[PDB]
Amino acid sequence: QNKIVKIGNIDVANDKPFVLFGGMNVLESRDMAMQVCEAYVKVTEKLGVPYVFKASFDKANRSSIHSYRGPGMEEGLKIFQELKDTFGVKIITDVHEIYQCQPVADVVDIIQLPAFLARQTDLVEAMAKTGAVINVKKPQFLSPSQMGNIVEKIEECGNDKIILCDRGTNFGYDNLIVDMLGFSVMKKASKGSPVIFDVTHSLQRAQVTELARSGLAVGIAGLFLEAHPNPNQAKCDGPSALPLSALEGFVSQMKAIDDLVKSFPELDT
């Protein structure tokens, strides 16, 4: 039995129409955030796809201490409040420090637990204690069955509004493969929590569309995607970031595939 996780008036579940958790890598500027959100809002309202805007306010693991890290919490939350006021969008963002959980949860709809920090017990408890909807990013080095333990850890803190997100798994050195069989393993281990597919971070690109179609073909709750007006000038490196102009075409295919797969009766197998 599939669990239903509600994000305002959005219902998230493995057997309901997919939800697009879409945005950009980091809040590069107030202006680019508005432009990116507006483009996604136009595409999703037109196609009738449930939507959650995504963006990070801080980049915790950049290569240098001098690297661009995003605007920081206080400035990022101001930008999120502007997007809520302007477009009425639901928002997802990630948190890296224990003290940020509450202030961020008071503003956004979903808080994301970064893959590298997925087992940091104090952070996971602080996020669950906020009562917000939590998106767990599966570490590339974690078995899909191990997501059951994290769900239990969050649920013991009184919070059951949990979504699970795959971003591929380590395959040799410096390379990633997406295990399409892992989605049902995660569904089974979590007793039905919604599973979503982060296609952008799965691409070790020209193959974003076919990989996204392949993922939705399994029968999942949603798609996590990053885009940018001109990917090559992005402040952070988004080699697999989708050009904003390909969004309409991309989301159109995903609604078509998803609708088709969700219409299939289960096959006695």
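Quick note: we count residues from 1 along the sequence shown, nothing fancier.
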item	value
Chain break class at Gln204/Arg205 - deposited residues not modelled	10 or more
Average Cα temperature factor in the PDB entry - higher stretch of 213-221, 64-72	64-72
Mean C-alpha temperature factor, higher of 40-48 and 234-242	234-242
Per the PDB entry, maximal CA B factor within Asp122, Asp179, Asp166, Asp109	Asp122
Per the PDB entry, maximal CA B factor within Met32, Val208, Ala227, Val26	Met32
Within-chain third of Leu20 by Cα B-factor, per the entry	lowest
Cα B factor band for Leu247 (lowest, middle or highest third within the chain)	middle
Chain thirds of CA B-factor: placement of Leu142	highest
Position of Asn170 among the chain's modelled residues by C-alpha B-factor, lowest, middle or highest third	lowest
Third of the chain's Cα B-factor distribution that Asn135 belongs to, per the entry	lowest
